[PDB]
Amino acid sequence: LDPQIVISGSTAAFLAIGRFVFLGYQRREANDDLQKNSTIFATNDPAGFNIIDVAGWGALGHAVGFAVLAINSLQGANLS
Amino acid sequence: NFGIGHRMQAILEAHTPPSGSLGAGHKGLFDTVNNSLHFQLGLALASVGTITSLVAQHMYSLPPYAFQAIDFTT
Amino acid sequence: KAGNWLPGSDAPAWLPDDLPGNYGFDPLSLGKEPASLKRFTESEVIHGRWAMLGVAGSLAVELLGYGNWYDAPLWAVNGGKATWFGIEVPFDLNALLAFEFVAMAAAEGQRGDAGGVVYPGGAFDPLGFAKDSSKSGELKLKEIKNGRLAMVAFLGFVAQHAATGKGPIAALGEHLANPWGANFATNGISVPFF
Amino acid sequence: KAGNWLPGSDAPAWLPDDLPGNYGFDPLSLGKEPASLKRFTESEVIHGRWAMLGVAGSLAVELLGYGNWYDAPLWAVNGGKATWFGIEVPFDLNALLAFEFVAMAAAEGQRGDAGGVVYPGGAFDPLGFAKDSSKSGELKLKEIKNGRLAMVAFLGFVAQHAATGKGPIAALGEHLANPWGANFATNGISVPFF
Amino acid sequence: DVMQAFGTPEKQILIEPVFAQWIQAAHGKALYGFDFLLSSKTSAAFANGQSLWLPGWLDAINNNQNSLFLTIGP
Amino acid sequence: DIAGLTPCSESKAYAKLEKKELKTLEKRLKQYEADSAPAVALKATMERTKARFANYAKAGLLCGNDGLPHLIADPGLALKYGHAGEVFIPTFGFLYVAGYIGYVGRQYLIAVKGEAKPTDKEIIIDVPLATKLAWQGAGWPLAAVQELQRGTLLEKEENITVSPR
Amino acid sequence: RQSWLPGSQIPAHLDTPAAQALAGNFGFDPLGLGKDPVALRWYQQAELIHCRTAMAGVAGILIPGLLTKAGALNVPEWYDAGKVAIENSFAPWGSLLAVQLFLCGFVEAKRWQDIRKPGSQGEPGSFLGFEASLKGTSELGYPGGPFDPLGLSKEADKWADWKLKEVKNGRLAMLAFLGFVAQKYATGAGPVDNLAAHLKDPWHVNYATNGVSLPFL
Ligand code: CHL
Ligand code: CLA
Ligand SMILES: CC(/C=C/C=C(C)/C=C/[C@@]12O[C@]1(C)C[C@@H](O)CC2(C)C)=C\C=C\C=C(C)\C=C\C=C(C)\C=C\[C@@]12O[C@]1(C)C[C@@H](O)CC2(C)C
Ligand SMILES: CC(/C=C/C=C(C)/C=C/[C@@]12O[C@]1(C)C[C@@H](O)CC2(C)C)=C\C=C\C=C(C)\C=C\C=C(C)\C=C\[C@@]12O[C@]1(C)C[C@@H](O)CC2(C)C
Ligand SMILES: CC1=C(/C=C/C(C)=C/C=C/C(C)=C/C=C/C=C(C)/C=C/C=C(C)/C=C/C2=C(C)CCCC2(C)C)C(C)(C)CCC1
Ligand SMILES: CC1=C(/C=C/C(C)=C/C=C/C(C)=C/C=C/C=C(C)/C=C/C=C(C)/C=C/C2=C(C)CCCC2(C)C)C(C)(C)CCC1
Ligand SMILES: CCCCCCCCCCCCO[C@H]1O[C@H](CO)[C@@H](O[C@H]2O[C@H](CO)[C@@H](O)[C@H](O)[C@H]2O)[C@H](O)[C@H]1O
């Protein structure tokens, strides 16, 4: 498997579902100076999808993407 | 501080069996555990105490160190 | 009320008379809590609908002559190629998982937000059989009864295959040939002391 | 009232006088409840009509020389082919089951919806024999009496074949040849200690 | 002890630990003859892991000169 | 066989153990005269020993490498291979007698709590009452179930003293 | 007042009007098993079912056995019939037994639900018009209806006598079956063989000389 299509595809899929499908569900579930949300990560995205969400759904995509590459690499392996 | 993830108090308040078999369930236990150093130390000792036994049971049967098995006294 | 599952008994008070498929069967009183019963009512229909498709798909494959339901995914493990009605499907296992996860998440995510709606109608009822909502009571009873039967049938497929290892149609032919010598009592599995 | 089944006995009160074929026979009081009797009244006529066709068919096959009623379906299990009056019928067992199930389900489904209409008339009475109500009383009695006779006759075919293994026409010929040496008492099963 | 003292060791109560030996067989120990799961060469569990770790594990568990699931008795 | 054991009737160690036990008695029997009482006692012990090893082998006990009988406690294995008389059947023998004792004692306790001085009936036993209850305890399994089904076996929580919590 | 033991104290729970209305009440309950009225009602049903099953079973052993000795029939011993029948059977005993449990379980369940709620099996619409005949009679354990084709129970003047005869013969049949089991192990012969052997020499062929029953002697 080519790493670019697999990792890009999985990342694209997980960003889409996080923005169009489960964004509403996550927001409903989601809803001394080192413990306060001092910086509000404001975004111009119409649906409220901000950088923190991008890191989260993007991280899942990368993790799932490498799992596909790792599992496939085993097939045809020697001494393993 | 980043607006994602779980609040531990929320998780505990949610886990109440509907039939009432556990009464109020886990309501109030976040403050009980979080405000009691003895509740925390009791949990830590119980967890580490069991882990120490696991170390004993697994290290003799699955020796991780080279030439450990033949050193009977060790 | 659809009927009585145990003639001579009294229906539990927590099962309303107008609930489709209400035979008063709740010996463990799982639906005693009204909030729990609401979830169970939705879940039963969903399980029945999937089981009705699953049983039809399991029977259709073996009747048409493309193996049994149990052997369908073996191509993805033996290096074979997917087929459908004898038509080769270019996709491989990894591609199939991607399509299914994305598609089902989109469709199931949409249904989840609806808030436990079990009879959408509308786009899901193009021919408008239940559009009247007056005669829908009879149809809902037919759906739940066929759905319950399909759920029982599918468990019969899994259990029978785990015992004899044959397909449901093959097992039926085995029973018909020797009804008294080919049944669950002669597997050597289901009843250990026989 | 047609008559009395047991001379000197008292007719049950729950059997209406006008009911065709009413001989006051209900020793077990099965028809005591009006709802039960209504269902049983229809079922008796349906059984009688099928038995009359069944007995007439069973005799016709053997009289015309095509075998007895019991051996008719053997072609489906011995790898043969169906015949009707000697001419081959291309259909096989699986096709016959499918067509019969669909045809009977449609026909019997329509009857079930009518709600126990024993005597529909109309399209089913093209010659209008039962058009008049006054004459219908006697005709209904003749139908139920011939029907009850046919039901007993078919039970005779089944019981006699099991004991002897021959066809109804063959049995009648055997009895006529040696009445005192060929009967139920000499078949070795009906009467034990002989 | 009383049976041993009176010179009749055959009269003592010796209960085999079949539940524990059954677990050992499930892990691949062929001594007890239960022969299922990792002790059964025709099981799915035995086959699926036969290319990853079962060869090394099965060699170690069926050697009675180490401490990996020692043989047990009354 | 089960768990690598072998039948005692087919065990070399089991047979060897019997020879050693009899050999020990035979050595002692040499120093006594044929008709003397010590000789009679020793031979009686020898006969019992031979019968014991014969009976255990006949019963089908499994022997370990040590040659000693080993019991089988899992009900499935015991019933499948004819070892039910080792643990399984004895299990229900005990529970019948144990419940008999417990049920009879409970009946006596309840019976005397309606007397003027209940504690006097616990140090001076009402033998006529105790004897009657002993004979009726043979049906305790039936009686106990009926109390369980009637809701009279147990006392209500509102009548049981507890400490502050 | 007829008693199993003249002069003994009849248990109080067997002297109530409800208990004395049971068939075969001779005041016999030394263990006090039926002291609870609810339990006595259940045990009365158990005794009737055991009585009727034992009567059918013992008649199925004794009548074929007596005819076999006379030569009218050729039936094996009751303790060998199961093996002989299965060899010439169309099904293995496992499939035969399984069908039996399904069929027996169904009718036993309907009887069970009638004990808990008498007359409840007549619930309209439950059975295909036949539920009207499944209500039973006013007495638990005497269903009547289709179970009494000749209508012998309708005769009030003979009702009490019929019930006493059933329980008396039923109790006798139960002891007869227990005798068959005991005599099979003690003697290793058939029940009619045991009867003939006793009649041949009563004073030397009995349980005191079978070598099993009396080991102390
Ligand atoms: C539940 C069962 C039951 C039991 C356990 C008993 C038990 C007893 N009853 Mg009772 N009865 C029972 C039911 C009934 N009894 C009676 C009516 C009576 C009466 C009238 C009497 C008893 C008595 C007795 C006692 C006799 C004591 C003894 O050693 O006799 C020894 C037993 C025998 C001598 C009989 C042995 C018979 C043998 C096994 C059969 C032999 C038959 C052969 C054909 C003989 C060979 C041929 C000959 C010519 C040599 C005994 C405690 C007697 C007693 O002591 O009362 C205070 C007494 O008088 N019972 C009735 C009818 C209502 C019963 C109905 O179910
Ligand atoms: C105390 C716990 C305990 C444990 C650890 C075991 C363990 C075992 N039992 Mg036992 N058993 C127990 C209690 C226990 N049993 C009790 C209380 C009963 C009486 C109700 C039985 C009745 C019983 C039967 C009837 C059988 C076993 C059997 C077995 C063995 C294989 C089946 C299995 O997976 O069992 C693991 C145990 C459990 C998960 C707990 C529940 C076990 C149930 C009661 C029995 C399951 C039987 C199984 C479906 C048979 C499959 C076919 C077989 C040929 C392998 C296994 C060594 C089987 C065997 O090998 O027989 C020779 C067998 O046939 N057991
Ligand atoms: C005997 C019978 C019913 C008898 C009922 C009785 C006595 C009931 C009696 C009582 O209940 C009462 C009234 C009142 C109660 O108080 C008392 C009792 C005593 C309880 C029905 C038969 C009913 C018989 C019927 C319906 C028969 C149908 C036969 C058909 C269709 C045959 C078709 C074919 O034979 C062909 C033509 C050609 C072949 O080759 C193929 C086949 C398929 C075999
Ligand atoms: C059901 C029954 C027997 C059924 C037998 C059947 C179906 C046999 C069938 C077959 O044989 C055939 C026909 C043919 C064979 O080829 C095959 C088989 C299959 C073998 C016996 C019950 C037999 C039941 C018995 C013996 C019960 C006895 C109970 C007693 C004595 C109780 C006494 C007391 O309880 C009181 C009343 C009051 C208390 O206070 C005191 C005590 C003392 C506790
Ligand atoms: C703006 C816009 C747009 C666009 C967008 C885009 C294009 C985006 C992108 C995005 C992206 C592109 C993102 C990414 C992310 C990523 C991440 C976040 C990652 C992570 C990772 C990780 C975490 C990893 C880990 C690991 C390691 C390190 C090792 C091995 C293992 C693992 C894998 C686990 C659109 C048109 C739509 C619309 C309009 C607007
Ligand atoms: C008093 C108190 C306290 C204390 C406590 C304690 C001290 C405890 C302990 C405890 C403990 C100490 C516990 C333990 C537990 C354990 C468990 C529960 C386990 C489990 C396990 C499992 C489940 C497993 C499984 C498995 C197996 C077996 C094999 C294979 C793998 C697996 C994983 C599957 C506190 C502080 C709270 C406070 C309050 C009071
Ligand atoms: C082989 C078969 C595999 C099957 C795998 C199934 C995986 C299921 C994962 C579910 C993850 C959560 O997803 C799901 O969460 C909620 C239900 O719980 C839904 O959301 C809804 O749930 C609440 C509780 O019922 C409702 O009151 C709200 O309307 C809404 O918040 C989401 O719209 C749905 O996406």
# chains A, B, ... in the order shown; residues from 1 in each chain; ligands from 1
call {"tool": "interface_residues", "arguments": {"of": "chain E", "to": "chain B", "cutoff": "9 Å", "atoms": "only C-alpha atoms", "output": "number ranges by chain"}}
result
E: 66-70
call {"tool": "interface_residues", "arguments": {"of": "chain G", "to": "chain C", "cutoff": "8 Å", "atoms": "only C-alpha atoms", "output": "PyMOL selection string"}}
result
chain G and resi 90-96+98+113-114+117+120-123+126
call {"tool": "write_last_selection", "arguments": {"atoms": "N, CA and C atoms", "output": "compact mmCIF listing (two decimals), in the first residue's frame"}}
result
# COMPACT_ATOMS: atom_id res chain seq x y z
N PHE G 90 -37.60 -46.72 14.93
CA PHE G 90 -37.32 -45.84 13.81
C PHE G 90 -36.48 -44.63 14.20
N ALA G 91 -36.21 -44.43 15.48
CA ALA G 91 -35.47 -43.27 15.95
C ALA G 91 -34.53 -43.67 17.07
N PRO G 92 -33.40 -42.97 17.22
CA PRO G 92 -32.57 -43.18 18.41
C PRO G 92 -33.26 -42.66 19.65
N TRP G 93 -32.89 -43.23 20.80
CA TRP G 93 -33.58 -42.87 22.03
C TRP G 93 -33.42 -41.40 22.37
N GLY G 94 -32.31 -40.78 21.95
CA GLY G 94 -32.12 -39.37 22.22
C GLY G 94 -33.14 -38.50 21.52
N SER G 95 -33.39 -38.77 20.24
CA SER G 95 -34.40 -38.01 19.52
C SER G 95 -35.80 -38.36 20.00
N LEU G 96 -36.01 -39.62 20.39
CA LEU G 96 -37.30 -40.03 20.94
C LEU G 96 -37.58 -39.30 22.25
N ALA G 98 -36.25 -36.44 23.32
CA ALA G 98 -36.38 -35.00 23.14
C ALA G 98 -37.79 -34.63 22.71
N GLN G 113 -50.08 -24.11 34.87
CA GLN G 113 -50.73 -22.81 34.95
C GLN G 113 -52.14 -22.90 35.49
N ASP G 114 -52.80 -24.05 35.35
CA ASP G 114 -54.13 -24.22 35.92
C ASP G 114 -54.08 -24.38 37.43
N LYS G 117 -53.71 -20.71 38.74
CA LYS G 117 -54.95 -19.96 38.53
C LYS G 117 -56.00 -20.92 38.00
N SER G 120 -57.97 -20.92 34.51
CA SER G 120 -57.37 -19.86 33.70
C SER G 120 -57.05 -20.31 32.28
N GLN G 121 -56.93 -21.61 32.04
CA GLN G 121 -56.65 -22.08 30.69
C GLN G 121 -57.86 -21.97 29.77
N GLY G 122 -58.99 -21.50 30.28
CA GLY G 122 -60.14 -21.24 29.44
C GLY G 122 -60.16 -19.83 28.91
N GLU G 123 -59.02 -19.15 28.95
CA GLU G 123 -58.93 -17.78 28.48
C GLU G 123 -59.37 -17.70 27.02
N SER G 126 -57.10 -18.00 23.45
CA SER G 126 -55.77 -18.56 23.63
C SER G 126 -55.59 -19.82 22.79
call {"tool": "residues_near_ligand", "arguments": {"ligand": "ligand 4", "cutoff": "10 Å", "atoms": "only C-alpha atoms and all ligand atoms", "output": "ChimeraX atom specification"}}
result
/F:136,138-139 /G:11,27-35,43,46-64,75-85,170-181
call {"tool": "select_by_dssp", "arguments": {"residues": "range 1-202 of chain G", "states": "helix (DSSP H, G or I)", "output": "PyMOL selection string"}}
result
chain G and resi 12-14+17-20+37-70+81-87+93-116+120-122+130-134+145-147+152-154+156-187+191-200
call {"tool": "calpha_fit_and_write", "arguments": {"fixed": "chain C", "moving": "chain D", "output": "tab-separated table (two decimals) with C-alpha atoms, in the first residue's frame"}}
result
chain	number	residue	atom	x	y	z
D	1	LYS	CA	-52.76	-6.41	22.90
D	2	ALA	CA	-51.48	-8.96	20.39
D	3	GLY	CA	-52.10	-11.85	22.78
D	4	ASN	CA	-50.75	-13.63	25.84
D	5	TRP	CA	-47.39	-15.40	25.87
D	6	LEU	CA	-48.34	-17.56	28.89
D	7	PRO	CA	-52.05	-18.44	28.99
D	8	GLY	CA	-53.49	-17.84	32.44
D	9	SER	CA	-50.89	-15.21	33.35
D	10	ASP	CA	-51.37	-11.50	34.06
D	11	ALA	CA	-49.93	-8.94	31.68
D	12	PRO	CA	-47.42	-6.54	33.27
D	13	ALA	CA	-48.89	-3.13	34.03
D	14	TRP	CA	-45.94	-1.21	32.58
D	15	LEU	CA	-46.40	-2.52	29.02
D	16	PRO	CA	-48.88	-0.24	27.20
D	17	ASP	CA	-51.79	-1.96	25.50
D	18	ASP	CA	-51.33	-0.03	22.25
D	19	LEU	CA	-47.65	-0.98	21.96
D	20	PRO	CA	-47.30	-3.13	18.81
D	21	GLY	CA	-46.30	-6.72	19.42
D	22	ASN	CA	-47.36	-6.55	23.07
D	23	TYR	CA	-47.86	-10.08	24.38
D	24	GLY	CA	-47.16	-9.05	27.97
D	25	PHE	CA	-43.78	-10.80	27.95
D	26	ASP	CA	-41.32	-9.31	30.42
D	27	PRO	CA	-40.54	-11.88	33.13
D	28	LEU	CA	-37.34	-10.03	34.12
D	29	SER	CA	-39.06	-6.61	34.21
D	30	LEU	CA	-36.36	-5.11	32.00
D	31	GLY	CA	-38.75	-2.55	30.52
D	32	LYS	CA	-40.33	-1.47	33.80
D	33	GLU	CA	-38.83	2.03	33.71
D	34	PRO	CA	-40.37	4.21	30.96
D	35	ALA	CA	-36.96	5.51	29.87
D	36	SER	CA	-35.54	2.00	29.50
D	37	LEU	CA	-38.62	0.77	27.62
D	38	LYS	CA	-38.39	3.63	25.13
D	39	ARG	CA	-34.83	2.68	24.21
D	40	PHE	CA	-35.66	-1.03	24.06
D	41	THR	CA	-38.70	-0.46	21.83
D	42	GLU	CA	-36.53	1.19	19.19
D	43	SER	CA	-33.74	-1.37	19.57
D	44	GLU	CA	-36.12	-4.29	19.01
D	45	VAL	CA	-37.40	-2.89	15.71
D	46	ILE	CA	-33.87	-2.08	14.54
D	47	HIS	CA	-32.73	-5.60	15.42
D	48	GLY	CA	-35.73	-7.12	13.66
D	49	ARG	CA	-35.21	-5.13	10.47
D	50	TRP	CA	-31.54	-6.10	10.26
D	51	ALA	CA	-32.39	-9.73	11.03
D	52	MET	CA	-34.98	-9.78	8.25
D	53	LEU	CA	-32.37	-8.51	5.79
D	54	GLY	CA	-29.77	-10.83	7.30
D	55	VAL	CA	-31.94	-13.94	7.06
D	56	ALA	CA	-33.20	-13.09	3.57
D	57	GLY	CA	-29.63	-12.54	2.43
D	58	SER	CA	-28.34	-15.71	4.07
D	59	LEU	CA	-30.95	-17.86	2.32
D	60	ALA	CA	-30.63	-16.17	-1.08
D	61	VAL	CA	-26.89	-16.83	-1.41
D	62	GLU	CA	-27.25	-20.57	-0.78
D	63	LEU	CA	-30.47	-20.98	-2.78
D	64	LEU	CA	-28.83	-19.36	-5.82
D	65	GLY	CA	-25.78	-21.60	-5.44
D	66	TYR	CA	-23.07	-19.17	-4.27
D	67	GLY	CA	-22.38	-20.95	-0.96
D	68	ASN	CA	-23.66	-20.46	2.56
D	69	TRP	CA	-23.66	-17.35	4.72
D	70	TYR	CA	-20.71	-18.57	6.79
D	71	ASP	CA	-18.24	-19.05	3.91
D	72	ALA	CA	-18.98	-15.74	2.15
D	73	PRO	CA	-16.10	-13.68	3.65
D	74	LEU	CA	-13.44	-16.41	3.30
D	75	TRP	CA	-12.01	-14.72	0.19
D	76	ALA	CA	-10.69	-11.90	2.38
D	77	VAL	CA	-8.62	-14.33	4.49
D	78	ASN	CA	-7.62	-16.94	1.86
D	79	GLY	CA	-6.34	-14.40	-0.66
D	80	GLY	CA	-9.38	-14.61	-2.94
D	81	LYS	CA	-11.48	-11.92	-4.58
D	82	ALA	CA	-14.99	-10.71	-3.82
D	83	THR	CA	-17.92	-11.73	-6.00
D	84	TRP	CA	-21.57	-10.67	-6.15
D	85	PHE	CA	-23.92	-12.87	-8.19
D	86	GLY	CA	-20.72	-14.29	-9.71
D	87	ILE	CA	-19.26	-11.02	-11.04
D	88	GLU	CA	-15.97	-9.98	-9.47
D	89	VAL	CA	-15.86	-6.87	-7.27
D	90	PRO	CA	-12.49	-5.07	-7.51
D	91	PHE	CA	-12.47	-3.85	-3.90
D	92	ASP	CA	-10.34	-5.45	-1.19
D	93	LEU	CA	-10.95	-5.92	2.52
D	94	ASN	CA	-9.28	-2.68	3.62
D	95	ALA	CA	-11.30	-0.63	1.13
D	96	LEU	CA	-14.53	-2.34	2.21
D	97	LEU	CA	-13.88	-1.57	5.88
D	98	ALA	CA	-13.16	2.10	5.15
D	99	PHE	CA	-16.19	2.67	2.93
D	100	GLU	CA	-18.54	0.72	5.21
D	101	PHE	CA	-17.37	2.59	8.31
D	102	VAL	CA	-17.84	5.98	6.64
D	103	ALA	CA	-21.16	5.09	4.99
D	104	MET	CA	-22.65	3.53	8.13
D	105	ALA	CA	-21.33	6.26	10.42
D	106	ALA	CA	-23.02	8.92	8.30
D	107	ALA	CA	-26.27	6.95	8.07
D	108	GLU	CA	-26.35	5.77	11.69
D	109	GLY	CA	-25.24	9.18	12.93
D	110	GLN	CA	-28.27	10.77	11.27
D	111	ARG	CA	-30.59	8.22	12.88
D	112	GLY	CA	-29.04	8.73	16.31
D	113	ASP	CA	-29.66	12.48	16.22
D	114	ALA	CA	-33.37	12.03	15.45
D	115	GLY	CA	-33.89	10.77	19.00
D	116	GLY	CA	-35.48	7.34	18.73
D	117	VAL	CA	-37.66	7.85	15.64
D	118	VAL	CA	-38.66	4.25	14.96
D	119	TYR	CA	-41.14	5.01	12.14
D	120	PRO	CA	-39.92	8.05	10.18
D	121	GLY	CA	-41.99	7.56	7.03
D	122	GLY	CA	-41.69	10.26	4.41
D	123	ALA	CA	-38.71	9.50	2.20
D	124	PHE	CA	-38.53	6.03	3.80
D	125	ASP	CA	-42.20	5.34	2.90
D	126	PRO	CA	-42.33	6.19	-0.82
D	127	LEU	CA	-45.41	4.05	-1.47
D	128	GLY	CA	-47.25	5.51	1.53
D	129	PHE	CA	-48.46	2.18	2.91
D	130	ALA	CA	-48.23	3.55	6.46
D	131	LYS	CA	-49.53	7.00	5.50
D	132	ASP	CA	-52.82	6.33	7.30
D	133	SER	CA	-52.68	6.04	11.09
D	134	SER	CA	-55.56	3.56	11.39
D	135	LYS	CA	-53.98	1.02	9.03
D	136	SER	CA	-50.49	1.52	10.48
D	137	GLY	CA	-51.45	-0.33	13.66
D	138	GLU	CA	-51.77	-3.70	11.95
D	139	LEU	CA	-48.74	-3.17	9.70
D	140	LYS	CA	-46.52	-2.39	12.69
D	141	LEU	CA	-47.63	-5.66	14.29
D	142	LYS	CA	-46.77	-7.57	11.11
D	143	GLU	CA	-43.34	-5.93	10.94
D	144	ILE	CA	-42.45	-6.76	14.54
D	145	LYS	CA	-43.76	-10.33	14.32
D	146	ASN	CA	-41.86	-11.11	11.11
D	147	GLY	CA	-38.90	-9.32	12.68
D	148	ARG	CA	-39.01	-11.41	15.85
D	149	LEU	CA	-39.26	-14.53	13.69
D	150	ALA	CA	-36.21	-13.47	11.67
D	151	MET	CA	-34.16	-12.86	14.82
D	152	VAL	CA	-34.94	-16.37	16.06
D	153	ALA	CA	-34.21	-17.79	12.61
D	154	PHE	CA	-30.77	-16.19	12.46
D	155	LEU	CA	-29.93	-17.54	15.91
D	156	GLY	CA	-30.95	-20.91	14.49
D	157	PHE	CA	-28.52	-20.51	11.60
D	158	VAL	CA	-25.65	-19.67	13.94
D	159	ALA	CA	-26.41	-22.38	16.50
D	160	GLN	CA	-27.08	-25.03	13.86
D	161	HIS	CA	-23.90	-24.23	11.92
D	162	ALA	CA	-21.76	-24.49	15.06
D	163	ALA	CA	-23.17	-27.93	15.89
D	164	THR	CA	-23.24	-29.32	12.33
D	165	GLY	CA	-21.08	-27.03	10.20
D	166	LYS	CA	-23.51	-27.01	7.26
D	167	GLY	CA	-25.61	-24.29	5.69
D	168	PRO	CA	-29.24	-23.60	6.58
D	169	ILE	CA	-30.51	-24.98	3.27
D	170	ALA	CA	-28.26	-28.04	3.52
D	171	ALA	CA	-29.49	-28.70	7.06
D	172	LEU	CA	-33.12	-28.51	5.94
D	173	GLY	CA	-32.43	-31.02	3.18
D	174	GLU	CA	-30.64	-33.36	5.58
D	175	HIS	CA	-33.51	-33.24	8.07
D	176	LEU	CA	-36.08	-33.90	5.35
D	177	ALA	CA	-34.12	-36.93	4.11
D	178	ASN	CA	-33.87	-38.62	7.53
D	179	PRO	CA	-36.00	-36.71	10.06
D	180	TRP	CA	-35.34	-39.12	12.93
D	181	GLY	CA	-31.61	-39.51	12.25
D	182	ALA	CA	-30.76	-35.86	11.54
D	183	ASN	CA	-31.83	-33.36	14.20
D	184	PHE	CA	-30.44	-31.46	17.17
D	185	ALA	CA	-30.61	-34.55	19.38
D	186	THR	CA	-28.32	-36.53	17.03
D	187	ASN	CA	-25.62	-33.92	16.34
D	188	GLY	CA	-23.64	-35.03	19.40
D	189	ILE	CA	-23.40	-31.59	21.06
D	190	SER	CA	-26.89	-30.29	21.86
D	191	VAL	CA	-27.81	-33.26	24.08
D	192	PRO	CA	-24.79	-34.30	26.21
D	193	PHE	CA	-25.13	-37.98	27.13
D	194	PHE	CA	-25.58	-39.42	23.66
call {"tool": "decode", "arguments": {"residues": "range 24-55 of chain C", "atoms": "C-alpha atoms", "output": "mmCIF file, in the first residue's frame"}}
result
data_model
loop_
_atom_site.group_PDB
_atom_site.id
_atom_site.type_symbol
_atom_site.label_atom_id
_atom_site.label_comp_id
_atom_site.auth_asym_id
_atom_site.auth_seq_id
_atom_site.Cartn_x
_atom_site.Cartn_y
_atom_site.Cartn_z
ATOM 1 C CA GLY C 24 -47.282 -9.367 27.882
ATOM 2 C CA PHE C 25 -43.932 -11.182 27.787
ATOM 3 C CA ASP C 26 -41.513 -9.673 30.298
ATOM 4 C CA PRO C 27 -40.803 -12.327 32.956
ATOM 5 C CA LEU C 28 -37.586 -10.581 34.046
ATOM 6 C CA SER C 29 -39.322 -7.171 34.105
ATOM 7 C CA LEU C 30 -36.557 -5.553 32.077
ATOM 8 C CA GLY C 31 -38.964 -2.915 30.750
ATOM 9 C CA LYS C 32 -40.249 -1.874 34.165
ATOM 10 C CA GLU C 33 -38.572 1.535 33.922
ATOM 11 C CA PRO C 34 -40.453 3.684 31.366
ATOM 12 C CA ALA C 35 -37.212 5.224 30.089
ATOM 13 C CA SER C 36 -35.624 1.794 29.625
ATOM 14 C CA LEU C 37 -38.700 0.501 27.793
ATOM 15 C CA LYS C 38 -38.554 3.400 25.336
ATOM 16 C CA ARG C 39 -35.006 2.461 24.345
ATOM 17 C CA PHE C 40 -35.890 -1.243 24.209
ATOM 18 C CA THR C 41 -38.851 -0.560 21.916
ATOM 19 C CA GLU C 42 -36.634 1.225 19.392
ATOM 20 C CA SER C 43 -33.853 -1.351 19.700
ATOM 21 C CA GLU C 44 -36.153 -4.326 19.095
ATOM 22 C CA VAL C 45 -37.369 -2.929 15.769
ATOM 23 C CA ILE C 46 -33.819 -2.131 14.644
ATOM 24 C CA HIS C 47 -32.619 -5.631 15.530
ATOM 25 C CA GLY C 48 -35.605 -7.145 13.741
ATOM 26 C CA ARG C 49 -35.038 -5.111 10.583
ATOM 27 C CA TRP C 50 -31.365 -6.086 10.385
ATOM 28 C CA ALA C 51 -32.224 -9.721 11.127
ATOM 29 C CA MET C 52 -34.852 -9.742 8.371
ATOM 30 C CA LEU C 53 -32.246 -8.568 5.861
ATOM 31 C CA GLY C 54 -29.636 -10.903 7.325
ATOM 32 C CA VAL C 55 -31.823 -13.996 7.091
#
